[PDB]
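A.B. asks: Handing over my_file-v9.pdb, PDB, C-alpha atoms and all ligand atoms.
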ATOM      1  CA  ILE I   1      -4.815   2.654 -10.392
ATOM      2  CA  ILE I   2      -4.759   2.136 -14.180
ATOM      3  CA  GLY I   3      -7.497   0.257 -16.043
ATOM      4  CA  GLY I   4      -9.573  -0.216 -12.919
ATOM      5  CA  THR I   5     -13.093   0.677 -11.821
ATOM      6  CA  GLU I   6     -14.502   2.850  -9.051
ATOM      7  CA  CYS I   7     -14.955   0.910  -5.827
ATOM      8  CA  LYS I   8     -18.369   0.504  -4.306
ATOM      9  CA  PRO I   9     -18.142   3.173  -1.614
ATOM     10  CA  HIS I  10     -16.980   1.830   1.745
ATOM     11  CA  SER I  11     -16.752  -1.726   0.411
ATOM     12  CA  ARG I  12     -13.078  -1.822   1.445
ATOM     13  CA  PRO I  13     -13.300  -0.464   4.989
ATOM     14  CA  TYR I  14      -9.654  -1.198   5.878
ATOM     15  CA  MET I  15      -8.378   1.279   3.274
ATOM     16  CA  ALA I  16      -6.355   4.213   4.622
ATOM     17  CA  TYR I  17      -5.473   7.404   2.771
ATOM     18  CA  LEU I  18      -2.183   8.907   4.000
ATOM     19  CA  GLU I  19      -1.301  12.585   3.881
ATOM     20  CA  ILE I  20       2.425  12.915   4.437
ATOM     21  CA  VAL I  21       4.500  15.969   5.160
ATOM     22  CA  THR I  22       7.953  15.036   3.942
ATOM     23  CA  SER I  23      11.025  16.178   5.903
ATOM     24  CA  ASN I  24      11.594  18.994   3.358
ATOM     25  CA  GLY I  25       7.978  20.133   3.509
ATOM     26  CA  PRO I  26       6.340  19.106   0.227
ATOM     27  CA  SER I  27       3.281  16.905   0.728
ATOM     28  CA  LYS I  28       2.878  13.377  -0.615
ATOM     29  CA  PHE I  29       0.034  10.880  -0.468
ATOM     30  CA  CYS I  30       0.003   7.094  -0.157
ATOM     31  CA  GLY I  31      -2.394   4.280   0.530
ATOM     32  CA  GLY I  32      -2.262   2.002   3.558
ATOM     33  CA  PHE I  33      -4.509  -0.335   5.475
ATOM     34  CA  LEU I  34      -5.811  -0.718   9.024
ATOM     35  CA  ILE I  35      -4.606  -3.896  10.770
ATOM     36  CA  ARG I  36      -5.408  -3.024  14.398
ATOM     37  CA  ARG I  37      -7.614  -0.253  15.740
ATOM     38  CA  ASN I  38      -4.469   1.846  16.273
ATOM     39  CA  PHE I  39      -2.093   0.466  13.628
ATOM     40  CA  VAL I  40      -1.893   1.084   9.891
ATOM     41  CA  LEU I  41       0.388  -0.845   7.559
ATOM     42  CA  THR I  42       1.909   0.959   4.562
ATOM     43  CA  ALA I  43       5.142   1.340   2.559
ATOM     44  CA  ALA I  44       8.299   2.696   4.241
ATOM     45  CA  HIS I  45       9.037   5.082   1.371
ATOM     46  CA  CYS I  46       5.859   6.883   2.467
ATOM     47  CA  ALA I  47       7.543   8.029   5.708
ATOM     48  CA  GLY I  48       7.735  11.737   6.459
ATOM     49  CA  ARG I  49       7.990  14.311   9.196
ATOM     50  CA  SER I  50       4.322  13.810  10.010
ATOM     51  CA  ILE I  51       1.440  11.731   8.729
ATOM     52  CA  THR I  52      -2.321  11.893   9.022
ATOM     53  CA  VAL I  53      -4.510   8.925   8.098
ATOM     54  CA  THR I  54      -8.064   9.135   6.798
ATOM     55  CA  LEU I  55     -10.200   6.014   7.311
ATOM     56  CA  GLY I  56     -13.755   5.499   6.061
ATOM     57  CA  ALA I  57     -13.220   7.524   2.875
ATOM     58  CA  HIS I  58     -14.352   7.130  -0.700
ATOM     59  CA  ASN I  59     -14.073  10.505  -2.423
ATOM     60  CA  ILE I  60     -11.007  11.879  -0.646
ATOM     61  CA  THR I  61     -11.830  15.509  -1.497
ATOM     62  CA  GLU I  62     -15.222  15.346   0.237
ATOM     63  CA  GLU I  63     -15.787  14.459   3.868
ATOM     64  CA  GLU I  64     -18.512  12.002   4.899
ATOM     65  CA  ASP I  65     -19.772  11.073   8.376
ATOM     66  CA  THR I  66     -17.975   7.709   8.011
ATOM     67  CA  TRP I  67     -14.618   9.527   8.101
ATOM     68  CA  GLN I  68     -12.140   9.030  10.899
ATOM     69  CA  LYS I  69      -9.062  11.185  10.490
ATOM     70  CA  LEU I  70      -6.308  10.263  12.940
ATOM     71  CA  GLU I  71      -2.818  11.587  13.513
ATOM     72  CA  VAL I  72       0.088   9.155  13.490
ATOM     73  CA  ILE I  73       1.999   9.253  16.807
ATOM     74  CA  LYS I  74       4.875   7.016  15.690
ATOM     75  CA  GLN I  75       6.333   5.622  12.478
ATOM     76  CA  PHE I  76       8.123   2.277  12.490
ATOM     77  CA  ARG I  77      10.021   1.835   9.216
ATOM     78  CA  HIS I  78      11.527  -1.581   8.718
ATOM     79  CA  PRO I  79      15.109  -1.370  10.099
ATOM     80  CA  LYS I  80      16.612  -2.704   6.850
ATOM     81  CA  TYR I  81      14.764  -0.275   4.581
ATOM     82  CA  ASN I  82      17.259   0.251   1.764
ATOM     83  CA  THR I  83      17.187   3.052  -0.815
ATOM     84  CA  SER I  84      19.859   1.360  -2.939
ATOM     85  CA  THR I  85      18.136  -1.999  -3.422
ATOM     86  CA  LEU I  86      14.601  -0.752  -2.690
ATOM     87  CA  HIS I  87      14.181  -3.673  -0.294
ATOM     88  CA  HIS I  88      12.141  -3.836   2.895
ATOM     89  CA  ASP I  89       9.630  -1.188   1.832
ATOM     90  CA  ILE I  90       7.245  -1.675   4.752
ATOM     91  CA  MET I  91       6.228   0.484   7.711
ATOM     92  CA  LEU I  92       3.833   0.370  10.636
ATOM     93  CA  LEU I  93       2.075   3.519  11.818
ATOM     94  CA  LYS I  94       0.720   3.800  15.349
ATOM     95  CA  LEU I  95      -2.332   6.077  15.445
ATOM     96  CA  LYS I  96      -2.603   8.620  18.273
ATOM     97  CA  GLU I  97      -5.977   7.099  19.198
ATOM     98  CA  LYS I  98      -7.811   3.873  18.370
ATOM     99  CA  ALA I  99     -10.171   4.058  15.412
ATOM    100  CA  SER I 100     -13.749   2.976  16.075
ATOM    101  CA  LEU I 101     -14.707  -0.165  14.196
ATOM    102  CA  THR I 102     -17.777   0.612  12.113
ATOM    103  CA  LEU I 103     -19.315  -0.605   8.869
ATOM    104  CA  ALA I 104     -17.097   1.858   6.993
ATOM    105  CA  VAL I 105     -13.943   1.333   9.061
ATOM    106  CA  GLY I 106     -12.537  -2.105   9.803
ATOM    107  CA  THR I 107      -9.356  -4.151   9.959
ATOM    108  CA  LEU I 108      -7.794  -6.403   7.306
ATOM    109  CA  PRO I 109      -6.725  -9.942   8.342
ATOM    110  CA  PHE I 110      -3.376 -11.519   7.597
ATOM    111  CA  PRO I 111      -3.014 -15.000   6.073
ATOM    112  CA  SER I 112      -1.109 -18.044   7.451
ATOM    113  CA  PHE I 116      -0.997 -20.701  -0.569
ATOM    114  CA  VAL I 117      -0.870 -18.090  -3.330
ATOM    115  CA  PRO I 118       1.470 -19.030  -6.181
ATOM    116  CA  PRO I 119       2.093 -17.090  -9.395
ATOM    117  CA  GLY I 120      -1.022 -17.121 -11.554
ATOM    118  CA  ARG I 121      -3.482 -16.197  -8.794
ATOM    119  CA  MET I 122      -5.758 -13.223  -9.442
ATOM    120  CA  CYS I 123      -5.568 -10.483  -6.824
ATOM    121  CA  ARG I 124      -7.124  -7.067  -6.253
ATOM    122  CA  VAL I 125      -5.535  -3.740  -5.374
ATOM    123  CA  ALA I 126      -7.290  -0.484  -4.531
ATOM    124  CA  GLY I 127      -5.977   3.061  -4.307
ATOM    125  CA  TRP I 128      -6.307   6.780  -4.991
ATOM    126  CA  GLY I 129      -3.212   6.877  -7.214
ATOM    127  CA  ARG I 130      -2.853   8.338 -10.717
ATOM    128  CA  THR I 131      -5.097   6.717 -13.348
ATOM    129  CA  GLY I 132      -2.539   7.156 -16.110
ATOM    130  CA  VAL I 133       0.898   8.551 -16.843
ATOM    131  CA  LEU I 134      -0.326  12.105 -17.396
ATOM    132  CA  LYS I 135      -3.301  11.918 -15.053
ATOM    133  CA  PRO I 136      -3.872  13.271 -11.529
ATOM    134  CA  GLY I 137      -4.561  11.027  -8.554
ATOM    135  CA  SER I 138      -8.154   9.756  -8.468
ATOM    136  CA  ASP I 139     -10.549  11.535  -6.131
ATOM    137  CA  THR I 140     -12.500   8.296  -5.653
ATOM    138  CA  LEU I 141     -11.088   4.976  -4.489
ATOM    139  CA  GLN I 142     -10.422   2.748  -7.530
ATOM    140  CA  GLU I 143      -9.710  -0.979  -7.731
ATOM    141  CA  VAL I 144      -8.264  -3.342 -10.307
ATOM    142  CA  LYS I 145      -7.825  -7.101 -10.667
ATOM    143  CA  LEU I 146      -4.213  -8.091 -11.328
ATOM    144  CA  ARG I 147      -2.392 -11.351 -11.958
ATOM    145  CA  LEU I 148       0.352 -12.344  -9.580
ATOM    146  CA  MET I 149       3.229 -13.074 -11.965
ATOM    147  CA  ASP I 150       6.149 -15.447 -11.719
ATOM    148  CA  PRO I 151       9.083 -13.570 -10.140
ATOM    149  CA  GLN I 152      10.891 -14.036 -13.456
ATOM    150  CA  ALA I 153       8.414 -11.561 -14.991
ATOM    151  CA  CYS I 154      10.125  -8.877 -12.876
ATOM    152  CA  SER I 155      13.672  -9.864 -13.821
ATOM    153  CA  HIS I 156      14.163  -6.469 -15.517
ATOM    154  CA  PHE I 157      13.868  -4.816 -12.097
ATOM    155  CA  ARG I 158      17.370  -4.667 -10.594
ATOM    156  CA  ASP I 159      17.561  -6.391  -7.208
ATOM    157  CA  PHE I 160      14.084  -7.933  -7.370
ATOM    158  CA  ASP I 161      14.046 -10.708  -4.748
ATOM    159  CA  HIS I 162      11.241 -13.273  -4.868
ATOM    160  CA  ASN I 163      11.544 -13.891  -1.103
ATOM    161  CA  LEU I 164      10.939 -10.238  -0.290
ATOM    162  CA  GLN I 165       8.761  -9.050  -3.123
ATOM    163  CA  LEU I 166       5.828  -9.900  -5.373
ATOM    164  CA  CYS I 167       5.625  -9.281  -9.123
ATOM    165  CA  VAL I 168       2.152  -7.973  -9.945
ATOM    166  CA  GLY I 169       0.361  -7.206 -13.214
ATOM    167  CA  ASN I 170       0.260  -8.952 -16.600
ATOM    168  CA  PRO I 171       2.727  -7.146 -18.908
ATOM    169  CA  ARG I 172       0.520  -7.894 -21.914
ATOM    170  CA  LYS I 173      -2.209  -5.632 -20.526
ATOM    171  CA  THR I 174      -2.274  -2.040 -19.331
ATOM    172  CA  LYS I 175      -3.957  -2.672 -15.948
ATOM    173  CA  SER I 176      -1.643  -1.756 -13.077
ATOM    174  CA  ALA I 177      -1.105  -0.150  -9.694
ATOM    175  CA  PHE I 178       0.569   3.230 -10.273
ATOM    176  CA  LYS I 179       1.949   6.391  -8.592
ATOM    177  CA  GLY I 180       0.151   7.111  -5.311
ATOM    178  CA  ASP I 181      -1.209   3.581  -4.883
ATOM    179  CA  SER I 182       1.995   2.844  -2.896
ATOM    180  CA  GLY I 183       1.267   1.444   0.573
ATOM    181  CA  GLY I 184      -2.069  -0.079  -0.415
ATOM    182  CA  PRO I 185      -2.704  -3.813   0.096
ATOM    183  CA  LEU I 186      -2.786  -6.539  -2.546
ATOM    184  CA  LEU I 187      -5.668  -8.784  -1.570
ATOM    185  CA  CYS I 188      -5.718 -12.410  -2.663
ATOM    186  CA  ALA I 189      -8.535 -14.577  -1.287
ATOM    187  CA  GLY I 190      -9.508 -11.951   1.291
ATOM    188  CA  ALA I 191      -6.076 -11.756   2.905
ATOM    189  CA  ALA I 192      -3.391  -9.079   2.706
ATOM    190  CA  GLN I 193      -0.598 -10.620   0.595
ATOM    191  CA  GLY I 194       1.334  -7.588  -0.547
ATOM    192  CA  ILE I 195       1.976  -3.850  -0.275
ATOM    193  CA  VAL I 196       2.270  -1.651  -3.372
ATOM    194  CA  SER I 197       5.926  -0.536  -3.612
ATOM    195  CA  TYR I 198       7.172   0.697  -6.997
ATOM    196  CA  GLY I 199       7.129   0.246 -10.754
ATOM    197  CA  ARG I 200       7.993   1.839 -14.071
ATOM    198  CA  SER I 201       7.435   5.582 -14.548
ATOM    199  CA  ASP I 202       5.761   4.776 -17.871
ATOM    200  CA  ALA I 203       3.140   2.623 -16.113
ATOM    201  CA  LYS I 204       3.909  -0.605 -17.990
ATOM    202  CA  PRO I 205       3.199  -3.574 -15.637
ATOM    203  CA  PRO I 206       4.301  -5.519 -13.786
ATOM    204  CA  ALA I 207       4.893  -3.482 -10.626
ATOM    205  CA  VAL I 208       6.766  -4.587  -7.513
ATOM    206  CA  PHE I 209       5.031  -5.180  -4.189
ATOM    207  CA  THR I 210       6.378  -6.045  -0.750
ATOM    208  CA  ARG I 211       5.627  -9.678   0.172
ATOM    209  CA  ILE I 212       3.734  -9.469   3.462
ATOM    210  CA  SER I 213       4.231 -13.066   4.607
ATOM    211  CA  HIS I 214       8.006 -12.511   4.850
ATOM    212  CA  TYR I 215       7.525  -9.654   7.312
ATOM    213  CA  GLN I 216       4.824 -11.074   9.575
ATOM    214  CA  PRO I 217       7.282 -11.919  12.364
ATOM    215  CA  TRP I 218       8.552  -8.300  12.288
ATOM    216  CA  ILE I 219       4.989  -6.970  12.325
ATOM    217  CA  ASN I 220       4.309  -9.201  15.337
ATOM    218  CA  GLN I 221       7.488  -7.986  17.040
ATOM    219  CA  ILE I 222       6.393  -4.348  16.677
ATOM    220  CA  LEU I 223       2.813  -5.005  17.763
ATOM    221  CA  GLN I 224       3.855  -7.036  20.819
ATOM    222  CA  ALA I 225       6.143  -4.236  22.018
ATOM    223  CA  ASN I 226       3.314  -1.697  21.766
TER     224      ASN I 226
HETATM  225  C1  LIG C 301     -15.472  14.353  -5.237
HETATM  226  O1  LIG C 301     -15.876  15.410  -4.375
HETATM  227  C2  LIG C 301     -15.571  16.671  -4.947
HETATM  228  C3  LIG C 301     -15.807  17.799  -3.937
HETATM  229  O2  LIG C 301     -17.158  17.814  -3.520
HETATM  230  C4  LIG C 301     -16.393  16.884  -6.222
HETATM  231  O3  LIG C 301     -16.011  18.089  -6.847
HETATM  232  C5  LIG C 301     -16.947  19.201  -6.746
HETATM  233  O4  LIG C 301     -17.894  18.888  -7.747
HETATM  234  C6  LIG C 301     -18.928  19.853  -7.844
HETATM  235  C7  LIG C 301     -19.985  19.398  -8.847
HETATM  236  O5  LIG C 301     -20.551  18.173  -8.434
HETATM  237  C8  LIG C 301     -18.352  21.204  -8.250
HETATM  238  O6  LIG C 301     -19.377  22.181  -8.244
HETATM  239  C9  LIG C 301     -17.241  21.641  -7.305
HETATM  240  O7  LIG C 301     -16.567  22.751  -7.860
HETATM  241  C10 LIG C 301     -16.243  20.511  -7.071
HETATM  242  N1  LIG C 301     -15.331  20.860  -5.996
HETATM  243  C11 LIG C 301     -14.017  20.760  -6.180
HETATM  244  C12 LIG C 301     -13.142  20.934  -4.973
HETATM  245  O8  LIG C 301     -13.521  20.539  -7.284
HETATM  246  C13 LIG C 301     -16.162  15.738  -7.199
HETATM  247  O9  LIG C 301     -17.083  15.818  -8.267
HETATM  248  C14 LIG C 301     -16.312  14.389  -6.510
HETATM  249  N2  LIG C 301     -15.911  13.327  -7.416
HETATM  250  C15 LIG C 301     -16.779  12.412  -7.832
HETATM  251  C16 LIG C 301     -16.263  11.427  -8.844
HETATM  252  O10 LIG C 301     -17.948  12.358  -7.439
HETATM  253  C1  LIG C 302      21.669  -1.476   1.362
HETATM  254  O1  LIG C 302      22.018  -2.648   0.651
HETATM  255  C2  LIG C 302      23.368  -2.601   0.210
HETATM  256  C3  LIG C 302      23.668  -3.751  -0.755
HETATM  257  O2  LIG C 302      23.411  -5.001  -0.152
HETATM  258  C4  LIG C 302      24.302  -2.565   1.424
HETATM  259  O3  LIG C 302      25.653  -2.515   1.016
HETATM  260  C5  LIG C 302      26.421  -3.739   1.179
HETATM  261  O4  LIG C 302      26.622  -3.787   2.575
HETATM  262  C6  LIG C 302      27.364  -4.922   2.977
HETATM  263  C7  LIG C 302      27.489  -4.891   4.497
HETATM  264  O5  LIG C 302      28.014  -6.113   4.963
HETATM  265  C8  LIG C 302      28.741  -4.970   2.308
HETATM  266  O6  LIG C 302      29.322  -6.237   2.532
HETATM  267  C9  LIG C 302      28.673  -4.725   0.803
HETATM  268  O7  LIG C 302      29.963  -4.468   0.289
HETATM  269  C10 LIG C 302      27.765  -3.541   0.504
HETATM  270  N1  LIG C 302      27.577  -3.363  -0.922
HETATM  271  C11 LIG C 302      27.727  -2.157  -1.455
HETATM  272  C12 LIG C 302      27.444  -2.028  -2.921
HETATM  273  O8  LIG C 302      28.079  -1.184  -0.787
HETATM  274  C13 LIG C 302      23.990  -1.335   2.266
HETATM  275  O9  LIG C 302      24.789  -1.289   3.434
HETATM  276  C14 LIG C 302      22.509  -1.341   2.626
HETATM  277  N2  LIG C 302      22.150  -0.127   3.332
HETATM  278  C15 LIG C 302      21.421  -0.175   4.445
HETATM  279  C16 LIG C 302      20.808   1.117   4.901
HETATM  280  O10 LIG C 302      21.237  -1.212   5.083
HETATM  281  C1  LIG C 303       5.277   7.801  -6.450
HETATM  282  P1  LIG C 303       5.062   6.230  -5.642
HETATM  283  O1  LIG C 303       3.669   5.729  -5.799
HETATM  284  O2  LIG C 303       5.388   6.522  -4.131
HETATM  285  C2  LIG C 303       6.243   4.997  -6.314
HETATM  286  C3  LIG C 303       7.654   5.214  -5.655
HETATM  287  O3  LIG C 303       8.391   6.126  -5.939
HETATM  288  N1  LIG C 303       8.137   4.033  -5.019
HETATM  289  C4  LIG C 303       9.401   3.938  -4.365
HETATM  290  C5  LIG C 303       9.686   2.835  -3.658
HETATM  291  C6  LIG C 303      10.840   2.710  -2.740
HETATM  292  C7  LIG C 303      11.138   1.521  -2.054
HETATM  293  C8  LIG C 303      12.232   1.424  -1.206
HETATM  294  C9  LIG C 303      13.056   2.535  -1.066
HETATM  295  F1  LIG C 303      14.113   2.473  -0.265
HETATM  296  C10 LIG C 303      12.777   3.725  -1.732
HETATM  297  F2  LIG C 303      13.592   4.775  -1.551
HETATM  298  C11 LIG C 303      11.679   3.820  -2.579
HETATM  299  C12 LIG C 303       6.254   4.839  -7.829
HETATM  300  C13 LIG C 303       7.015   5.511  -8.726
HETATM  301  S1  LIG C 303       6.799   5.007 -10.352
HETATM  302  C14 LIG C 303       5.627   3.820  -9.923
HETATM  303  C15 LIG C 303       4.968   2.951 -10.798
HETATM  304  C16 LIG C 303       4.047   2.042 -10.299
HETATM  305  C17 LIG C 303       3.851   2.055  -8.914
HETATM  306 CL1  LIG C 303       2.754   0.889  -8.257
HETATM  307  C18 LIG C 303       4.491   2.904  -8.043
HETATM  308  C19 LIG C 303       5.421   3.820  -8.527
END
Would you give me this structure, written as structure tokens?
Ligand SMILES: *[C@@H]1O[C@H](CO)[C@@H](O[C@@H]2O[C@H](CO)[C@@H](O)[C@H](O)[C@H]2NC(C)=O)[C@H](O)[C@H]1NC(C)=O
Ligand SMILES: *[C@@H]1O[C@H](CO)[C@@H](O[C@@H]2O[C@H](CO)[C@@H](O)[C@H](O)[C@H]2NC(C)=O)[C@H](O)[C@H]1NC(C)=O
Ligand SMILES: CP(=O)(O)[C@H](C(=O)N/C=C/c1ccc(F)c(F)c1)c1csc2ccc(Cl)cc12

C.D. replies:
Amino acid sequence: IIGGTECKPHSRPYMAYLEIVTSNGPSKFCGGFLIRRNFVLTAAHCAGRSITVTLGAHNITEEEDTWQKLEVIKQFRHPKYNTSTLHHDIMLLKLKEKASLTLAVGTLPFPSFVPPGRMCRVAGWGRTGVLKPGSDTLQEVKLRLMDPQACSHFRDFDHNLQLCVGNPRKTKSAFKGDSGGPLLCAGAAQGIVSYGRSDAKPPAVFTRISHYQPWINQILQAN
């Protein structure tokens, strides 16, 4: 997160921190969010050979008694996930066991009107600048949902599938490692951090959750 502030600890109890062993071996981290006791929603490009989720965290380098660390038993990448167009960057993770709902660990509701111009919030443990490490503490920033035309420089941007997030006239932005985290507008999950410019200039591109709700329901109903 760039230009944000440290979250009040545990004030965003749906937040998941993902440790990912990629197929090759090198580790990666992403954000995500709890939507059922045993399901986390995140970005598909965060898939790997194995994933562990940490719920209830604030400083991710220091365990607290609020922590629930759960192994992922199955990854469900969207079937149309496309590395050429970067479309359909969304994935459900089934946890090996159900998390316990507590004050520090809870689920995030879905919606079902947010047009360009609305102010949203995104939280994550991603890098806090181009030459900065990931943040040890959960950070959050308020970002403007932009008209899709503000992302017209991104090849293949599709307003039906994606959101354009972050005023280009300011430096505030989601950034590397915030991928998979939710964009919250009016207390509902509206987007998932997907990608952006390496040089951190907003806007960034998010997956539009509303478009995928029937797929999410399909996966949940079959589990
Ligand atoms: C996040 O937690 C880590 C680990 O406890 C903190 O880093 C430690 O900080 C203490 C001083 O407070 C040092 O003596 C240790 O050497 C640090 N450990 C490591 C692994 O670096 C860190 O300060 C915490 N971050 C915040 C913002 O509170
Ligand atoms: C990723 O998206 C690309 C572009 O839409 C897909 O390639 C197109 O696939 C259709 C299949 O009917 C063809 O008609 C086009 O000619 C293809 N375009 C190009 C540039 O090859 C591609 O198949 C998708 N990949 C996945 C994994 O679904
Ligand atoms: C390192 P990261 O956080 O995981 C992120 C990334 O590489 N996204 C890739 C997406 C994607 C989507 C579909 C695909 F099929 C696919 F192969 C990849 C990233 C790189 S620069 C940047 C700047 C702002 C933000 Cl928010 C994230 C990013």

A.B. asks: Hey, which residues sit close to ligand LIG 301 (chain C)? Say within 10 Å, counting only C-alpha atoms and all ligand atoms, and write them as JSON, numbers by chain.

C.D. replies: {"I": [6, 58, 59, 60, 61, 62, 63, 138, 139, 140, 141]}

A.B. asks: Name the residues that the PyMOL selection byres (((chain I and resi 154) around 8) and not hetatm) pulls out of this structure, and write them as a PDB file with C-alpha atoms, in the coordinates of the input.

C.D. replies:
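Final file, part.pdb:
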ATOM      1  CA  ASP I 150       6.149 -15.447 -11.719  1.00  0.00           C
ATOM      2  CA  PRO I 151       9.083 -13.570 -10.140  1.00  0.00           C
ATOM      3  CA  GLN I 152      10.891 -14.036 -13.456  1.00  0.00           C
ATOM      4  CA  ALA I 153       8.414 -11.561 -14.991  1.00  0.00           C
ATOM      5  CA  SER I 155      13.672  -9.864 -13.821  1.00  0.00           C
ATOM      6  CA  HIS I 156      14.163  -6.469 -15.517  1.00  0.00           C
ATOM      7  CA  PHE I 157      13.868  -4.816 -12.097  1.00  0.00           C
ATOM      8  CA  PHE I 160      14.084  -7.933  -7.370  1.00  0.00           C
ATOM      9  CA  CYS I 167       5.625  -9.281  -9.123  1.00  0.00           C
ATOM     10  CA  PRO I 206       4.301  -5.519 -13.786  1.00  0.00           C
ATOM     11  CA  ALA I 207       4.893  -3.482 -10.626  1.00  0.00           C
ATOM     12  CA  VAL I 208       6.766  -4.587  -7.513  1.00  0.00           C
TER      13      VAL I 208
END

A.B. asks: Counting all atoms listed in the file, figure out which residue out of I:79, I:16, I:2, I:49 gets nearest to residue 219 in chain I.

C.D. replies: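 Ranked by minimum distance to residue 219 in chain I, first place goes to I:79.
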
A.B. asks: For ligand LIG 302 (chain C), return the neighbouring residues as a PyMOL selection string (distance at most 8 Å; only C-alpha atoms and all ligand atoms).

C.D. replies: chain I and resi 79-85+87

A.B. asks: With distances taken over all atoms listed in the file, which of I:186, I:100, I:192, I:221 is nearest to residue 112 in chain I?

C.D. replies: I:192

A.B. asks: Starting from the PyMOL selection byres (((chain I and resi 44) around 8) and not hetatm), expand the selection into actual residues of this file and give them as a ChimeraX atom specification.

C.D. replies: /I:42-43,45-47,77-78,81,88-91

A.B. asks: Can you spell out as an NGL selection string the set of residues that the PyMOL selection byres (((chain I and resi 176) around 12) and not hetatm) selects in the structure I just provided?

C.D. replies: :I and (1-5 or 123-127 or 129-133 or 142-148 or 167-175 or 177-182 or 186 or 196 or 198-209)

A.B. asks: For the residues in that selection, give me C-alpha atoms as a compact mmCIF listing (two decimals), in the coordinates of the input.

C.D. replies:
# COMPACT_ATOMS: atom_id res chain seq x y z
CA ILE I 1 -4.82 2.65 -10.39
CA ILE I 2 -4.76 2.14 -14.18
CA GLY I 3 -7.50 0.26 -16.04
CA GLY I 4 -9.57 -0.22 -12.92
CA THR I 5 -13.09 0.68 -11.82
CA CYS I 123 -5.57 -10.48 -6.82
CA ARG I 124 -7.12 -7.07 -6.25
CA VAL I 125 -5.54 -3.74 -5.37
CA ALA I 126 -7.29 -0.48 -4.53
CA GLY I 127 -5.98 3.06 -4.31
CA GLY I 129 -3.21 6.88 -7.21
CA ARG I 130 -2.85 8.34 -10.72
CA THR I 131 -5.10 6.72 -13.35
CA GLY I 132 -2.54 7.16 -16.11
CA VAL I 133 0.90 8.55 -16.84
CA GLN I 142 -10.42 2.75 -7.53
CA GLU I 143 -9.71 -0.98 -7.73
CA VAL I 144 -8.26 -3.34 -10.31
CA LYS I 145 -7.82 -7.10 -10.67
CA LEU I 146 -4.21 -8.09 -11.33
CA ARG I 147 -2.39 -11.35 -11.96
CA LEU I 148 0.35 -12.34 -9.58
CA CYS I 167 5.62 -9.28 -9.12
CA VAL I 168 2.15 -7.97 -9.94
CA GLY I 169 0.36 -7.21 -13.21
CA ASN I 170 0.26 -8.95 -16.60
CA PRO I 171 2.73 -7.15 -18.91
CA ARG I 172 0.52 -7.89 -21.91
CA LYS I 173 -2.21 -5.63 -20.53
CA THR I 174 -2.27 -2.04 -19.33
CA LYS I 175 -3.96 -2.67 -15.95
CA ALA I 177 -1.10 -0.15 -9.69
CA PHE I 178 0.57 3.23 -10.27
CA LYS I 179 1.95 6.39 -8.59
CA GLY I 180 0.15 7.11 -5.31
CA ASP I 181 -1.21 3.58 -4.88
CA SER I 182 2.00 2.84 -2.90
CA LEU I 186 -2.79 -6.54 -2.55
CA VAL I 196 2.27 -1.65 -3.37
CA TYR I 198 7.17 0.70 -7.00
CA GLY I 199 7.13 0.25 -10.75
CA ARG I 200 7.99 1.84 -14.07
CA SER I 201 7.44 5.58 -14.55
CA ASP I 202 5.76 4.78 -17.87
CA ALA I 203 3.14 2.62 -16.11
CA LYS I 204 3.91 -0.60 -17.99
CA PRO I 205 3.20 -3.57 -15.64
CA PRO I 206 4.30 -5.52 -13.79
CA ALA I 207 4.89 -3.48 -10.63
CA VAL I 208 6.77 -4.59 -7.51
CA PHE I 209 5.03 -5.18 -4.19

A.B. asks: Counting only C-alpha atoms and all ligand atoms, figure out which residue out of I:75, I:54, I:210, I:68 gets nearest to ligand LIG 303 (chain C).

C.D. replies: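 Nearest candidate to ligand LIG 303 (chain C) out of I:75, I:54, I:210, I:68: I:210.
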
A.B. asks: Go through I:183, I:111, I:120, I:13 and flag the residue nearest ligand LIG 303 (chain C), using all atoms listed in the file for the distances.

C.D. replies: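 Among the listed residues, the smallest separation from ligand LIG 303 (chain C) belongs to I:183.
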
A.B. asks: Please, what distance in Å, to one decimal, runs between CA of residue 225 in chain I and CA of residue 34 in chain I?

C.D. replies: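 Going from CA of residue 225 in chain I over to CA of residue 34 in chain I covers 18.0 Å.
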
A.B. asks: Identify, on the basis of all atoms listed in the file, every residue whose closest approach to residue 96 in chain I does not exceed 6 Å; exclude the query and any residue fewer than 2 positions from it along the same chain; express the result as an mmCIF file with C-alpha atoms, keeping the file's coordinate frame.

C.D. replies:
data_model
loop_
_atom_site.group_PDB
_atom_site.id
_atom_site.type_symbol
_atom_site.label_atom_id
_atom_site.label_comp_id
_atom_site.auth_asym_id
_atom_site.auth_seq_id
_atom_site.Cartn_x
_atom_site.Cartn_y
_atom_site.Cartn_z
ATOM 1 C CA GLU I 71 -2.818 11.587 13.513
ATOM 2 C CA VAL I 72 0.088 9.155 13.490
ATOM 3 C CA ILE I 73 1.999 9.253 16.807
#

A.B. asks: For a quick check of understanding, using all atoms listed in the file, which of I:108, I:86, I:19, I:222 has the smallest distance to residue 159 in chain I?

C.D. replies: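 Among the listed residues, the smallest separation from residue 159 in chain I belongs to I:86.
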
A.B. asks: Rounded to one decimal in Å, what is the spacing between CA of residue 189 in chain I and CA of residue 110 in chain I?

C.D. replies: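 Going from CA of residue 189 in chain I over to CA of residue 110 in chain I, I get 10.7 Å.
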
A.B. asks: Pick the closest to ligand LIG 303 (chain C) from I:117, I:195, I:21, I:15: which is it, counting only C-alpha atoms and all ligand atoms?

C.D. replies: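 Looking only at the distances to ligand LIG 303 (chain C), the closest residue turns out to be I:195.
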
A.B. asks: Show me, as lines of an AutoDock Vina configuration file, the centre and edge lengths in Å to one decimal of the axis-aligned box that covers every listed atom of range 95-117 of chain I with 6 Å on each side.

C.D. replies:
center_x = -10.1
center_y = -6.0
center_z = 7.9
size_x = 30.4
size_y = 41.3
size_z = 34.5
